[PDB]
Each structure stands twice: as structure tokens, then as C-alpha cells.
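Heads up: the structure comes next, in C-alpha cells.
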Amino acid sequence: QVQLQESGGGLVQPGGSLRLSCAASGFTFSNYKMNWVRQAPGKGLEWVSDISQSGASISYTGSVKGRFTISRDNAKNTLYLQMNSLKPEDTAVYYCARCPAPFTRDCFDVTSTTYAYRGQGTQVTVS
Amino acid sequence: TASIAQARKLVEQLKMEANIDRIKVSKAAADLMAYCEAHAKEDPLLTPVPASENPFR
Amino acid sequence: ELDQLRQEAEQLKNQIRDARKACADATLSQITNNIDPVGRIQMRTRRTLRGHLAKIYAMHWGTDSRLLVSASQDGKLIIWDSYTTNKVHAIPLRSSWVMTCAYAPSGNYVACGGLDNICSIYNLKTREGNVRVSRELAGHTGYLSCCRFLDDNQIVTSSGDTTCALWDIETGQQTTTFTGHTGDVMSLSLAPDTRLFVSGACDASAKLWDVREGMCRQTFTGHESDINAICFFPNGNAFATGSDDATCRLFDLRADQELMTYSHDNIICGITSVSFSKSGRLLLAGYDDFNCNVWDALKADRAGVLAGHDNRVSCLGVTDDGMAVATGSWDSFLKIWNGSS
Amino acid sequence: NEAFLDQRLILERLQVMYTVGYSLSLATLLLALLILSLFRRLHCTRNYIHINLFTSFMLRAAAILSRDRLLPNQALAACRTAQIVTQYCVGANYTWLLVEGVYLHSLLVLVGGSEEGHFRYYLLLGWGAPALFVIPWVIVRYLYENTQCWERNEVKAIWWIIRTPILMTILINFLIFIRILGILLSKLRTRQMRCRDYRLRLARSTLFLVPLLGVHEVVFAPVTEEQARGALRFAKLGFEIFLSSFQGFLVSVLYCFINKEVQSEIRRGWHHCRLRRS
Amino acid sequence: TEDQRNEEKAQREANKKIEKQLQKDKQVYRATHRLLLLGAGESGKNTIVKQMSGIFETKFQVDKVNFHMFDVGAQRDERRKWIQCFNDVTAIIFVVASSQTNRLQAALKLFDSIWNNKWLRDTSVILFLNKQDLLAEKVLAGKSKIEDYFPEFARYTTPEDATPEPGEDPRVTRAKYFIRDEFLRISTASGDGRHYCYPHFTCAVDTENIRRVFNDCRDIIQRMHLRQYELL
């Protein structure tokens with residue numbers, strides 16, 4: 001019912017730019033902490049970013065700091081990730097996750113293979 | 001992969017739960033009200049029982 | 001190939017949504033505007049039970065609505081006598097971590113389970129007068145969330161993995177496997193006529209299972225977060241679901257959609273337990289702000305508040321007769337509330 | 001004489017302040033006993049020790065007022081009874097402060113176990129030591145050098161016989177609180193916290209060692225208004241009177257209300273009563 | 001009638017005996033210490049269990065003090081539901097592999113979730129940064145793993161206060177203290193509760209981890225007692 005479906009993706013050259021947008025339409029978007037998650041083609045799921053309830057507390061996973069920018073629009077019920085200066089190691093299947101409970105500053109089970117509040121795949125390839 | 005089987009099972013479940021038919025929400029509300037009013041008197045928490053026969057006094 | 005299956009599933013979901021919208025004719029809130037309000041509910045605690053020395057996750061009123069069995073993390077299973085405050089039995093458990101208990105309809109057996117991934121049954125009627133483990137039910141992988149005696153011979157229990165099971169005490173092995181959920185199956189509630197039951201899991205959805213046939217019938221995706229509690233309307237054709245949204249919601253099987261929502265502006269914390277009164281009018285709901293509430297199930301207007309608990313109210317049970325209301329909490333106190341006028 | 005009138009006025013003022021201080025001590029002690037007996041959420045060995053301490057302070061602050069009122073046979077018997085009870089209860093006060101300090105130190109230094117079966121020993125010591133050491137004093141005063149009610153102690157045989165256990169108990173309290181303050185200082189320096197945290201150490205030390213000012217009080221307990229010439233005479237006569245009254249009051253208040261569990265309990269009770277009323 | 005009186009009295013004896021048993025169990029329950037061994041993946045949980053069906057237990061007593069080691073291994077991956085069951089424990093021994101994806105990032109995202117949980121905010125944490133020898137070998141081998149998985153690592157100098165390494169590599173010590181600082185700054189970011197973090201460096205295979213656990217448990221108990229007396 002949460003209905004998280006992203007956009008963007010495709011194939012880009014090394015050092016290029018991409019713009020991924022997350023669309024949520026099944027819940028109060030402004031009461032939840034929305035965080036991006038990526039999965040390498042062979043490796044496991046990896047947390048990459050997050051954003052607070054209002055859009056104040058922002059963190060990154062390292063090796064993406066200063067290259068990936070996350071933003072949200074409460075009115076438009078959309079979540080963004082402006083990713084710049086890509087590398088061939090950055091190719092993955094990005095998932096737009098969501099912390100399970102509202103009005104909480106923590107959320108477990110976001111980087112798990114059986115989580116229920118994350119979107120489908122958005123393939124991003126760098127060659 | 002197993003994802004194909006998972007999707008097939010989900011689609012089959014959606015089919016078998018779409019084959020069914022529903023009932024008007026107005027009729028559902030009428031039935032709920034009918035039950036609530038029929039059994040309203042025998043509700044020791046809604047309408048408190050006199051303390052003479054209250055066992056937890 | 002897989003994208004085709006996803007498109008088909010989306011199309012069927014859209015068809016279900018359109019059918020529900022078409023079947024939606026009136027609003028329960030609109031139609032209840034002429035009913036006499038319940039009014040303020042005064043509920044003063046009558047008995048306080050202080051035997052436990054650790055937090056309480058589950059209690060279950062007996063069939064005769066006099067005995068109540070409660071479970072705590074100290075590895076104890078105390079069977080109280082509500083009228084006289086006495087304790088009838090205390091059972092030391094093998095594993096300290098238990099998250100559920102169940103008192104059999106026949107009054108013979110008691111179930112218990114938790115992080116040990118095992119359901120243990122303690123028959124209370126033995127010649128030697130000892131509460132010994134009658135049977136152990138193993139086969140679940142995750143922790144054991146809820147267990148509910150369907151009879152004196154069968155039992156339905158829901159585990160942490162996305163799977164429920166209908167056991168059989170005589171032989172010990174599963175009879176039916178109820179697969180289909182996506183998250184942890186937090187709660188479970190049988191029907192008054194023990195014909196169906198609902199398993200509310202953490203994927204923000206609840207199913208409806210027929211025990212004998214063993215396949216899902218309907219899915220109610222109203223909620224937007226984990227479902228902690230679930231309970232059928234005394235009629236048997238509706239149920240109420242608690243979630244971390246701080247909102248209860250009332251579904252109906254026949255309409256296959258929601259009826260009305262009990263959200264309040266001042267409530268931010270989630271809901272632990274939800275139960276109905278005997279008549280089905282009042283809707284008790286335990287919250288994490290340590291203040292159980294009472295809701296008019298037909299009007300979404302708070303009637304009373306069962307304040308008095310120091311910690312979160314983890315369990316909430318209305319007697320089968322309908323007289324009392326017991327509210328155990330993490331401060332290890334069972335209080336038996338009652339109505340008076 | 002303007003100066004002599006000044007002395008007389010200040011002595012009257014300090015006497016009425018003395019009576020007011022004991023009256024406030026009784027008020028606060030009743031408040032604390034009623035809270036700790038009615039809330040019912042605070043029933044442990046620690047709160048039992050606190051209740052016994054507060055009832056010992058009840059006994060002192062009541063017996064001393066009775067002695068003051070009855071101080072000028074029925075009258076002689078009442079005065080002697082009041083004086084004996086006053087001596088026993090001033091012994092019991094410091095014995096119970098010692099019991100509290102011992103309980104805290106054992107609770108903070110025990111290597112596991114957490115023995116809660118020693119409450120019988122604590123009660124026995126804290127209510128029997130004072131009597132055990134006062135009996136001999138009463139017996140020796142009655143049989144030898146019998147004064148009508150009480151006066152300045154004539155001999156070291158009359159001084160030591162009752163100032164010895166109190167001095168020993170307060171010395172043991174000082175040592176135990178040195179140990180507890182050492183542990184607390186280690187904890188505070190472990191976090192390397194602020195100068196406010198450093199000042200917290202001294203604040204807690206003083207507010208918990210005021211009883212030492214109390215043992216000084218009971219060393220100089222008799223007053224008799226000490227008619228003499230000088231400035232330090234009234235300086236001490238006022239400072240020590242305020243010390244006794246405010247000591248009872250400060251124990252009663254700042255050893256009970258600062259407790260976060262009782263504060264949360266009373267706030268919860270107030271909120272629930274307000275909601276039930278409206 | 002007399003039958004009702006006899007039944008009530010018999011229930012009275014039964015209640016008295018059961019309450020005596022509960023009283024006896026209370027001392028044991030309050031005396032023992034409960035620890036939750038929550039380690040991320042295979043970071044040394046099995047060897048830590050060795051040195052000291054869904055859940056596992058070891059009833060080891062050290063220095064006349066009992067302990068429980070709760071190794072919750074065979075549960076599901078998701079932890080947000082059964083981890084509320086462990087808010088009454090004294091400590092949560094956390095184990096990190098400080099050597100597939102970024103394991104240190106997953107360790108940090110689990111530690112701060114534990115820290116900021118509204119029910120576990122009152123529970124203290126003990127950190128064991130395992131694989132010190134493996135980290136030393138990796139750093140001395142000229143492998144660029146931490147240096148490029150943590151950009152901030154380059155602008156870092158070894159803290160002066162703690163350097164008990166006799167002849168260990170300065171870069172290895174820098175990496176150890178960098179990871180310790182990472183965990184400690186996560187711990188100290190939010191002080192919404194009454195819990196503390198004790199980060200150690202589990203390197204020696206002797207019976208020293210048990211002594212460290214005992215010392216940290218004594219510290220936790222003393223802190224909670226002092227806070228209960230409002231001295232701290």
C-alpha cells in the first residue's frame with residue numbers, strides 16, 4: 001500500500017550525472033525518515049543516504065559524501081537524490097527505502113533483504 | 001529465479017481474491033448498528049451494573 | 001517476463017481498488033451522526049496484582065472470566081484468581097524470554113512461547129498435581145509472536161518468520177502452513193465461531209485465513225505501518241487493528257474495506273493492544289504513552305481514559321463475560337478495572 | 001542600655017525562630033512520611049530506611065518541644081521523661097544517618113549478591129544502639145549525682161558517657177562519605193565532564209555532610225541562653241540554633257523531594273487526578 | 001457455608017506458598033546480571049561465546065558474580081520487533097569486525113539505531129572492536145580499504161591521551177582510534193537517556209575480555225545506583 005516507485009536510471013558514462021526521484025503515495029510523507037539504499041550486482045544491500053522528517057539532518061555512507069545530494073519535497077510527496085561524478089563502481093540497483101515508524105529518529109531493518117517498505121529496482125549502470 | 005514463482009503466486013492470489021464479490025458498506029454499517037443496539041443492554045462496561053452484583057467490588 | 005507479471009499484478013490491484021471504490025456507498029461516520037453518544041466512562045481500578053517482578057507481555061482471561069494467566073520476562077507464568085487476588089499456580093519456564101501466553105478454552109492447558117522459537121504447553125490437570133510440560137511444538141524458525149488455542153487439541157500460532165501454522169498436540173507436527181505474509185506476523189485473533197482468523201503482520205496488511213481449507217481469502221491494506229494488535233468485532237464480521245500510526249481502524253469482511261478511523265491529533269505513540277467490549281460499542285486501545293483509552297467504535301470519540309500505568313500497556317483483555325478489563329504493563333502490575341455508576 | 005536591649009531583642013527573635021524551625025520540621029516530616037506511606041510505589045529497603053530516619057526526626061522534634069513546654073511529682077516526671085526521650089532520639093538520629101551511609105556504601109561497593117536481607121540488622125542497630133548506650137547514662141545519673149531534670153554536665157564521666165557513641169558514629173560517617181565521594185569523583189573524572197559537573201561533587205558532599213554540622217550542634221547542644229559578654233556568644237547562639245532547625249528541615253526536604261522517582265510519582269498522581277476530575 | 005471458607009483458606013495457603021517461592025526467586029533474579037551478545041554478522045561472536053534452537057545461554061559466574069550471555073543467533077534478519085524485549089538487560093555487548101559490503105557502516109547504522117531506540121535509550125552498550133591483528137596486517141600490507149571507504153580518515157591524527165601500544169604500527173593505532181572515535185561520537189551525539197558506551201579493543205585471546213566485561217558491568221551498576229541516589 002505504501003507504493004514506493006522510483007524513476008531515473010539507465011546507462012551513463014563515467015564521471016556523468018544522474019537524477020533519481022522517489023514517488024510515495026500511500027502514507028503521510030512528512031512524518032517519516034526517508035533513506036536511499038543501493039545493492040551492488042553481486043554484493044549485498046548497502047545504505048547510502050538518508051533525510052530527516054523536515055529535511056534538516058542529512059547523513060551519507062562515505063565515498064559518496066560531496067558527490068550525492070539528497071533532498072525531499074513534503075508538498076509534492078517526492079524524494080530526490082542528485083548524484084554527480086559517477087564511477088564504474090557506483091553501478092547498483094538503488095532502492096528508495098523508508099523507516100518503519102513515524103516520529104522516530106532511528107529505524108532498523110532498512111538494509112535487509114526482506115524489508116516491506118522499500119520500492120522496486122532502479123537499474124543504474126556506468127560503463 | 002524464485003522471483004518468477006513469487007510473482008506467479010502473488011498474481012494467483014490476487015485473481016482468487018478478485019473473483020469474490022463485496023457487500024454495500026451502508027448495509028455493513030446497518031448490520032453493525034443492529035448488533036450494537038441489540039446487545040447494548042448486556043454490556044457491563046457500557047452501562048455499569050449495580051454494585052450489589054458486581055463481583056470485582 | 002517478470003515485468004509482465006508486475007504489470008499484471010498492478011492491473012489486478014487497480015481492479016481491486018476500483019471495485020472497492022464502486023462498492024463504497026455511504027460512510028459509517030455519516031450514518032452514526034444521529035446515535036446517542038456513550039458519554040464519559042468512569043473506570044476505577046478494583047484489584048491490583050503485584051506478584052510479577054518483571055515486565056509483562058501477555059495475559060489471557062480464562063473461559064469463565066475469573067482466572068487469568070500472565071507471563072513475564074522473569075520466566076514465570078502466574079495463574080491468578082481475579083476475585084480473591086490469590087495466585088493459583090506459578091510455573092517456572094525454561095526460557096526467560098516469553099512474548100505470549102494462552103489459556104485454553106477447556107481450562108486444562110496453558111501455552112507459552114517467545115524467543116526460543118518453541119511453543120510449550122503446561123497441562124494444569126495432572127494426577128500428581130504438577131504443572132509439567134505436556135508437549136513442545138518445534139518447527140518455527142523465528143521468534144514466536146502469538147499463540148491461540150483453537151481447541152483443546154489444536155493450536156494456531158504465528159512466528160517471527162512470515163508463516164503461521166496450525167499444530168496438533170496429539171502428534172506434535174504442523175497440519176497446515178499459512179504462508180503469504182511479507183513481514184513478522186505480530187498478532188493473531190481467532191473468530192468467535194473458530195472458523196477463520198486474521199494474522200496482522202508488519203507489512204502493514206492483514207489477511208483472512210480459513211483454518212480447514214488453509215488459504216488466504218482477503219487482504220486489507222488500510223494501514224501505513226506495522227500492525228501490533230488485532231481483534232474481531234463480537235459479531236464476527238468486522239475487526240479492529242492497532243498500528244504504530246497511533247490509529248486504530250475498523251474493517252469489515254463483507255464490505256472488504258474500511259469503515260472508520262480512530263485517529264486523534266494528540267496521540268503520537270503506537271498502539272500495543274486493541275479489544276472490544278461484549279456488545280462491541282466500546283473500543284479499548286492500549287497506547288505507548290502509558291494511558292489506555294476508550295473509543296466509541298461508532299463515532300471515533302474518546303469516552304474515557306484508563307490512566308494509571310507507569311510504563312507502556314503491553315496487554316489489554318476484556319473478560320469473556322464482559323465485566324472486567326485487565327491491563328498489564330511493563331511496570332509489572334496487572335490492574336483489573338471495572339465500571340460503576 | 002541600647003546594647004542590652006539589642007541582645008534581648010535578638011535573643012527573643014532567635015527563640016521564636018527556633019520554635020518556628022522545629023514547627024516547620026514537624027510539618028515537613030509529616031509531609032514526607034505521608035508521601036512515602038501513601039504513594040505505595042516506593043516500597044524498598046532504601047525507602048524503609050528513609051522512613052525510619054524521618055520518624056526518628058519526628059521523635060526528636062516532638063520530644064524537644066514537649067520538654068521546652070514542660071520545663072518550669074507530675075511535672076518532674078514529665079520533664080525527666082522528655083529529657084530521656086530527647087537523649088535517646090538525638091542518639092537515634094545519628095545512628096540512622098550512619099545506617100543510611102552504610103547501606104549506600106555497601107550497595108555501591110558490594111561485589112554482587114545484592115543482599116537485601118540485612119534490613120533486620122539495620123533496624124536493630126539503628127534503633128538499639130542509642131538505647132544501648134543511653135541506658136547506662138540514665139542509670140548512672142539516677143543512682144549517682146541525681147539532678148532534678150538536667151543541667152550542665154558536671155564531670156567528664158557525665159560528658160563522655162553520652163558524647164562518645166555520637167562522636168564515633170559521626171567519625172564513621174565521615175570516613176564512609178570520604179569513600180563514597182572518592183567513588184563519585186572517579187565516576188565524574190571518567191567522563192571528564194564540565195566544571196559544573198565538578199561543582200556537583202562539592203554540592204552533594206556539603207548537602208549530605210550537613211549532619212557533621214549537626215554533630216557539632218549536639219556537641220554544643222545545651223544552650224541555656226548562655227548569658228555572658230562578647231560578640232561570638234550570640235553569634236554562636238544564633239548560628240547553632242538556625243543550624244539545628246534548618247538541619248532537620250533540610251534533611252526532611254532535600255533528602256526526599258529531589259528523588260526523581262517520587263517526583264515522577266507525584267506528578268503522575270496529580271495529572272491522573274486532574275484528568276479524572278475533568 | 002463452611003465449604004466456601006475451607007476453599008478460601010486452602011487458596012490462602014496456596015497463595016502463601018507461591019509467594020514464598022517468588023520471594024526466594026527475587027533474590028536470585030536481582031543478583032544475576034543479564035547481558036545481550038548482539039554482534040553484527042561473523043565478527044567473533046562464536047569465539048567470544050567460547051571464551052565466555054533460536055537462543056543460547058551460558059551461566060558463567062566470575063568473581064562471585066553470576067552472568068547471562070544471550071546469543072540470539074537463529075532469529076530472522078529483522079531486529080526492530082524482538083529487540084524491544086531486551087531493554088531490561090544491564091548491558092548490550094556489541095561486537096564489530098574492525099578489519100561483502102562496508103561492514104563498518106552496517107555496524108555504525110546498527111549501533112546508532114540501538115542508541116536512539118526509545119526503549120533501549122536506558123540501556124548501556126559495550127563495544128568490542130575485534131580483528132585488531134587482522135587490521136594491523138591489512139594496514140601494513142598497503143591495502144587502501146579504510147582510507148578510501150572513509151574520506152575523513154586522511155585528516156586525522158592519533159589522540160595523545162591513549163597510546164598503550166608498545167611497538168605497534170602508528171598507522172594501525174591511528175586506524176584503531178579512528179574507529180573508536182567514530183563509535184564514540186555516535187554514542188555522544190545524543191544524550192536523551194541515561195546510558196553509556198565502553199569501547200574496548202578485543203585483541204588478546206586470554207581471559208581478559210571476561211575481566212573487562214566484569215569491570216564495565218560493575219561500573220554500570222555503580223553509575224545506576226549513584227544516579228538513583230541523585231549523587232551523580
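Chain lettering (A, B, ...) mirrors the order of the C-alpha cells, residue numbering begins at 1 for each chain separately, and ligand numbering begins at 1 in order of display.
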Point to revise | Distance filter 9 Å, only C-alpha atoms, chain C against chain A, as a ChimeraX atom specification | key: /C:182-183,202-205,221-226,244-245,268-270
Exercise for review: Extract, using only C-alpha atoms, all DNA, RNA and protein residues at most 9 Å from range 41-51 of chain D, discarding same-chain residues fewer than 6 positions from it, and format them as a list in words.
Suggested key: residues 32, 33, 96, 99, 100, 103, 104, 116, 119, 122, 123, 255, 256, 261, 262 and 265 of chain D
File of the preceding selection, N, CA, C and O atoms, as a short mmCIF file (atom, residue, chain, number, x, y, z; two decimals), in the first residue's frame:
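out-v8.cif, freshly written:
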data_model
loop_
_atom_site.label_atom_id
_atom_site.label_comp_id
_atom_site.auth_asym_id
_atom_site.auth_seq_id
_atom_site.Cartn_x
_atom_site.Cartn_y
_atom_site.Cartn_z
N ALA D 32 6.59 14.18 54.44
CA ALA D 32 7.41 13.11 53.87
C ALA D 32 6.90 11.73 54.27
O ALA D 32 6.83 10.83 53.43
N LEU D 33 6.55 11.54 55.55
CA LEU D 33 6.01 10.26 55.97
C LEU D 33 4.72 9.93 55.24
O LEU D 33 4.51 8.80 54.79
N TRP D 96 20.86 6.50 62.71
CA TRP D 96 20.16 6.22 61.46
C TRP D 96 20.83 6.88 60.26
O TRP D 96 20.80 6.32 59.16
N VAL D 99 23.40 4.40 59.53
CA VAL D 99 22.83 3.24 58.85
C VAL D 99 22.58 3.54 57.38
O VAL D 99 22.84 2.70 56.51
N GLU D 100 22.09 4.74 57.09
CA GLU D 100 21.89 5.13 55.70
C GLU D 100 23.20 5.14 54.92
O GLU D 100 23.28 4.62 53.80
N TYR D 103 24.39 1.61 54.32
CA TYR D 103 23.61 0.96 53.28
C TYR D 103 24.06 1.41 51.90
O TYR D 103 24.25 0.58 51.00
N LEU D 104 24.23 2.72 51.71
CA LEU D 104 24.69 3.21 50.41
C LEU D 104 26.07 2.67 50.06
O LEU D 104 26.30 2.23 48.93
N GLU D 116 19.57 -8.14 50.31
CA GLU D 116 18.51 -7.30 50.86
C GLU D 116 17.93 -7.86 52.15
O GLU D 116 16.92 -7.34 52.64
N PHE D 119 18.12 -5.83 56.24
CA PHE D 119 17.27 -4.78 56.80
C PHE D 119 16.97 -5.02 58.27
O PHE D 119 16.84 -4.06 59.04
N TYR D 122 19.94 -3.68 60.05
CA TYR D 122 19.96 -2.22 60.01
C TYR D 122 18.98 -1.65 61.03
O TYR D 122 19.32 -0.73 61.78
N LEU D 123 17.76 -2.17 61.05
CA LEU D 123 16.76 -1.70 62.00
C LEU D 123 17.21 -1.93 63.44
O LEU D 123 17.12 -1.04 64.29
N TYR D 255 16.39 15.60 51.17
CA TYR D 255 16.67 14.19 51.05
C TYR D 255 15.48 13.41 50.50
O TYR D 255 15.60 12.21 50.25
N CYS D 256 14.35 14.08 50.29
CA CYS D 256 13.14 13.43 49.80
C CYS D 256 12.64 13.98 48.48
O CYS D 256 12.35 13.20 47.56
N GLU D 261 12.18 9.47 41.38
CA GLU D 261 11.08 8.52 41.36
C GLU D 261 9.85 9.07 42.09
O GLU D 261 8.73 8.97 41.57
N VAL D 262 10.04 9.67 43.26
CA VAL D 262 8.89 10.23 43.98
C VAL D 262 8.35 11.46 43.25
O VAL D 262 7.14 11.70 43.24
N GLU D 265 6.30 10.12 40.48
CA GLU D 265 5.09 9.53 41.02
C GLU D 265 4.06 10.59 41.40
O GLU D 265 2.87 10.45 41.10
#
Practice item. Pull out every residue of chain D that has at least one atom within 10 Å of chain E, counting only C-alpha atoms, and report them as JSON, numbers by chain. Key: {"D": [46, 104, 107, 108, 109, 110, 111, 112, 113, 114, 115, 116, 117, 180, 181, 183, 184, 185, 187, 188, 191, 197, 200, 201, 203, 204, 205, 208, 255, 258, 259, 260, 261]}
Practice item. Run DSSP on the backbone of this structure and report the residues of chain B it assigns to alpha helix (DSSP H), as an MDAnalysis selection string. Key: chainID B and resid 2:18 25:38
Could you write those residues out with C-alpha atoms, as an mmCIF file, in the first residue's frame?
data_model
loop_
_atom_site.group_PDB
_atom_site.id
_atom_site.type_symbol
_atom_site.label_atom_id
_atom_site.label_comp_id
_atom_site.auth_asym_id
_atom_site.auth_seq_id
_atom_site.Cartn_x
_atom_site.Cartn_y
_atom_site.Cartn_z
ATOM 1 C CA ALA B 2 12.387 -17.808 -7.394
ATOM 2 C CA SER B 3 11.132 -14.269 -8.057
ATOM 3 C CA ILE B 4 9.141 -15.622 -11.015
ATOM 4 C CA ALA B 5 7.425 -18.157 -8.755
ATOM 5 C CA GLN B 6 6.789 -15.481 -6.117
ATOM 6 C CA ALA B 7 5.194 -13.180 -8.699
ATOM 7 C CA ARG B 8 3.106 -16.039 -10.106
ATOM 8 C CA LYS B 9 1.811 -16.945 -6.642
ATOM 9 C CA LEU B 10 1.034 -13.297 -5.864
ATOM 10 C CA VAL B 11 -0.864 -12.940 -9.149
ATOM 11 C CA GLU B 12 -2.806 -16.151 -8.488
ATOM 12 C CA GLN B 13 -3.754 -14.920 -5.009
ATOM 13 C CA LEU B 14 -4.878 -11.593 -6.472
ATOM 14 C CA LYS B 15 -7.007 -13.463 -9.022
ATOM 15 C CA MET B 16 -8.696 -15.667 -6.430
ATOM 16 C CA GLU B 17 -9.348 -12.687 -4.140
ATOM 17 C CA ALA B 18 -10.703 -10.656 -7.073
ATOM 18 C CA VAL B 25 -20.843 -0.508 3.141
ATOM 19 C CA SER B 26 -24.221 1.010 4.027
ATOM 20 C CA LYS B 27 -25.581 -2.491 4.642
ATOM 21 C CA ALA B 28 -22.463 -3.334 6.662
ATOM 22 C CA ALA B 29 -22.967 -0.250 8.837
ATOM 23 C CA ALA B 30 -26.651 -1.097 9.258
ATOM 24 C CA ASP B 31 -25.744 -4.607 10.427
ATOM 25 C CA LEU B 32 -23.153 -3.258 12.865
ATOM 26 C CA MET B 33 -25.672 -0.792 14.309
ATOM 27 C CA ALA B 34 -28.290 -3.534 14.581
ATOM 28 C CA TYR B 35 -25.920 -5.752 16.560
ATOM 29 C CA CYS B 36 -24.745 -2.863 18.750
ATOM 30 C CA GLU B 37 -28.289 -1.820 19.662
ATOM 31 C CA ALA B 38 -29.479 -5.413 20.116
#
Practice item. For residue 43 in chain B, list every protein, DNA or RNA residue within 8 Å, evaluated using only C-alpha atoms, and leave out those in the same chain fewer than 4 positions away; present the list as a ChimeraX atom specification. Key: /B:39,47-48 /C:277-279,322-323
Can you write out the residues you just picked, keeping N, CA and C atoms, as a compact mmCIF listing (two decimals), in the first residue's frame?
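Once everything was written out, this is again35.txt:
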# COMPACT_ATOMS: atom_id res chain seq x y z
N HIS B 39 -27.46 -5.82 21.43
CA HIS B 39 -26.72 -6.30 22.59
C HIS B 39 -26.24 -5.17 23.49
N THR B 47 -22.98 0.14 30.07
CA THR B 47 -23.95 0.54 31.09
C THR B 47 -23.61 -0.20 32.38
N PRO B 48 -22.99 0.47 33.36
CA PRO B 48 -22.49 -0.25 34.53
C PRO B 48 -23.59 -0.98 35.28
N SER C 277 -15.57 -4.31 23.71
CA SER C 277 -16.46 -4.69 24.78
C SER C 277 -17.35 -5.85 24.32
N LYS C 278 -18.14 -6.39 25.26
CA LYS C 278 -19.01 -7.51 24.91
C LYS C 278 -20.02 -7.12 23.84
N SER C 279 -20.65 -5.95 23.98
CA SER C 279 -21.62 -5.51 23.00
C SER C 279 -20.97 -5.00 21.72
N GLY C 322 -17.55 -10.12 30.03
CA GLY C 322 -17.66 -8.71 29.75
C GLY C 322 -17.62 -7.79 30.95
N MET C 323 -17.34 -8.31 32.14
CA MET C 323 -17.39 -7.50 33.35
C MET C 323 -16.16 -6.62 33.50
Exercise for review: Write out as an MDAnalysis selection string the residues lying within 10 Å of residue 137 in chain E, counting only C-alpha atoms and excluding same-chain residues fewer than 4 positions away.
Suggested key: chainID E and resid 99 131:133 141:143 169 172
Practice item. To one decimal in Å, tell me the separation between CA of residue 34 in chain E and CA of residue 57 in chain E. Key: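 According to the coordinates, CA of residue 34 in chain E and CA of residue 57 in chain E are separated by 10.4 Å.
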Residues of chain E that approach chain C to 6 Å or less, counting only C-alpha atoms: could you list each one with the shortest pair of atoms and its distance in Å to one decimal, rows by chain and increasing residue number, as JSON lines?
{"residue": "E:15", "atom": "CA", "partner": "C:87", "partner_atom": "CA", "distance": 5.2}
{"residue": "E:54", "atom": "CA", "partner": "C:116", "partner_atom": "CA", "distance": 5.0}
{"residue": "E:55", "atom": "CA", "partner": "C:116", "partner_atom": "CA", "distance": 5.5}
{"residue": "E:75", "atom": "CA", "partner": "C:142", "partner_atom": "CA", "distance": 4.9}
{"residue": "E:76", "atom": "CA", "partner": "C:142", "partner_atom": "CA", "distance": 5.6}
Would you mind exporting the chosen residues as a tab-separated table (two decimals), in the first residue's frame, restricted to C-alpha atoms?
chain	number	residue	atom	x	y	z
E	15	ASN	CA	-1.00	-18.22	47.66
E	54	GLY	CA	16.80	-19.77	18.46
E	55	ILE	CA	18.56	-18.52	21.59
E	75	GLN	CA	16.35	-15.33	14.65
E	76	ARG	CA	15.32	-13.54	11.47
Which residues of chain A sit at most 8 Å from chain E, using only C-alpha atoms? Give each one's shortest atom pair and distance in Å (one decimal place), in chain and ascending residue order, as CSV.
residue,atom,partner,partner_atom,distance
A:43,CA,E:100,CA,5.8
A:44,CA,E:101,CA,6.3
A:45,CA,E:101,CA,7.7
A:46,CA,E:101,CA,6.7
A:47,CA,E:106,CA,7.8
A:61,CA,E:105,CA,6.9
A:62,CA,E:150,CA,5.4
A:63,CA,E:149,CA,5.6
A:105,CA,E:116,CA,6.7
A:106,CA,E:113,CA,5.0
A:107,CA,E:113,CA,6.1
A:108,CA,E:80,CA,5.6
A:109,CA,E:78,CA,5.2
A:112,CA,E:77,CA,6.8
A:115,CA,E:78,CA,7.9
Practice item. Could you list, as a PyMOL selection string, the residues of chain C having an atom within 9 Å of chain D when counting only C-alpha atoms? Key: chain C and resi 42+305+307-308+310
Any chance you could export the current selection's C-alpha atoms as a PDB file, in the first residue's frame?
ATOM      1  CA  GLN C  42     -15.744   6.041  34.715  1.00  0.00           C
ATOM      2  CA  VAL C 305      -9.142   7.172  29.703  1.00  0.00           C
ATOM      3  CA  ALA C 307      -4.812   6.263  33.131  1.00  0.00           C
ATOM      4  CA  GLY C 308      -2.733   4.870  35.958  1.00  0.00           C
ATOM      5  CA  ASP C 310       3.774   3.921  34.830  1.00  0.00           C
TER       6      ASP C 310
END
Check your understanding: Quick one: residues within 9 Å of residue 133 in chain D, only C-alpha atoms counted, chain neighbours fewer than 5 positions away excluded, as a list in words?
Key ->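 So, after excluding close chain neighbours, the residues are residues 88, 91, 128, 161, 162 and 165 of chain D.
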May I have the residues from that selection written out with N, CA, C and O atoms, as a short mmCIF file (atom, residue, chain, number, x, y, z; two decimals), in the first residue's frame?
data_model
loop_
_atom_site.label_atom_id
_atom_site.label_comp_id
_atom_site.auth_asym_id
_atom_site.auth_seq_id
_atom_site.Cartn_x
_atom_site.Cartn_y
_atom_site.Cartn_z
N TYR D 88 17.66 9.90 73.89
CA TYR D 88 17.58 8.69 73.08
C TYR D 88 17.38 9.02 71.61
O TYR D 88 18.01 8.40 70.74
N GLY D 91 20.44 10.39 69.92
CA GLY D 91 21.27 9.25 69.56
C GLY D 91 20.77 8.55 68.30
O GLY D 91 21.56 8.22 67.40
N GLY D 128 18.60 0.28 68.34
CA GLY D 128 19.02 -0.29 69.60
C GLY D 128 20.31 0.27 70.15
O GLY D 128 20.46 0.37 71.37
N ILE D 161 30.26 9.79 78.59
CA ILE D 161 29.37 8.64 78.63
C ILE D 161 28.28 8.72 77.57
O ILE D 161 27.73 7.69 77.16
N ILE D 162 27.95 9.92 77.09
CA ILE D 162 26.94 10.08 76.06
C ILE D 162 27.46 10.79 74.81
O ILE D 162 26.87 10.62 73.74
N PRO D 165 29.47 7.65 71.81
CA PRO D 165 28.90 6.95 70.64
C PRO D 165 28.54 7.88 69.50
O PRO D 165 28.72 7.52 68.33
#
Review point. Residues at most 12 Å from residue 69 in chain D, counting only C-alpha atoms, excluding those fewer than 4 positions away in the same chain, as a PyMOL selection string?
Key: chain D and resi 19+62-65+75+78-79+82-83
Review point. Expressed in Å to a single decimal, how great is the separation between CA of residue 88 in chain A and CA of residue 113 in chain A?
Key: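 Going from CA of residue 88 in chain A over to CA of residue 113 in chain A, I get 23.9 Å.
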Exercise for review: May I have the residues within 10 Å of residue 195 in chain E as a list in words, using only C-alpha atoms and disregarding those fewer than 4 positions away in the same chain?
Suggested key: residues 90, 91, 115, 120, 121, 122, 123, 124, 125, 187, 191, 220, 223 and 224 of chain E
Would you tabulate, counting only C-alpha atoms, all residues of range 35-99 of chain A that have an atom at most 6 Å from an atom of range 9-17 of chain A, showing the closest pair of atoms and their distance in Å to one decimal, sorted by chain then ascending number, as a tab-separated table?
residue	atom	partner	partner_atom	distance
A:84	CA	A:17	CA	4.6
A:85	CA	A:15	CA	4.2
A:86	CA	A:15	CA	4.6
A:87	CA	A:14	CA	5.3
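With CA of residue 210 in chain C on one side and CA of residue 166 in chain C on the other, the separation reads 10.9 Å.
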